[PDB]
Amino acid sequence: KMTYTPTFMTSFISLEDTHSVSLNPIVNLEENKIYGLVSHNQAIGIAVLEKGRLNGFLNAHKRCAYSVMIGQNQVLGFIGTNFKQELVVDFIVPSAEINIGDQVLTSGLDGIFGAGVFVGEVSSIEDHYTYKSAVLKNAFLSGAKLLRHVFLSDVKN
């Protein structure tokens, strides 16, 4: 079981960072629980309540991380980012079969998002020997349309 509740941004946190936003408070959330953020049927980032302030850390922020699955065999990884602020799936098993263009969806195993929400598509693949990474394309980054109409993802803990 799971809830989507609407929310909206009041401002960016810094004016030197597009990946961090202040969100309008939402009645009885838990503090420090990590919530998912969804816009146009897509994952845009996560949200945490800290000292009474609801903060959104968007895709490619240092603090934005969550569990995703790739392709029809649901290959698992974790969302991070890199020095060029590209959205990356990290920590994939080296034996896994991934193809350029494979859909990437939330895995729904992290208690942040439910399963099956769209994230992006695999554009390239790095070998790091003990694991592989996948750089995404068609994922939310810098796009202003999806910062409106935003829903908070509350997965019952």
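The numbering used is simple: start at 1 and walk along the sequence shown.
When the two stretches 25 to 33 and 87 to 95 are set side by side, the higher mean Cα temperature factor goes to 25 to 33. The stretch with the higher mean CA B factor, choosing between 114 to 122 and 97 to 105, is 97 to 105.
Per the PDB record, residue ranking by Cα B-factor puts residue 149 in the highest third of the chain. In the deposited entry, the Cα temperature factor of residue 41 sits in the top third of values across the chain's modelled residues.
In this PDB entry, the Cα temperature factor of residue 55 sits in the middle third of its chain's modelled residues.
For residue 131, the recorded CA temperature factor ranks within the middle third of the chain's modelled residues.
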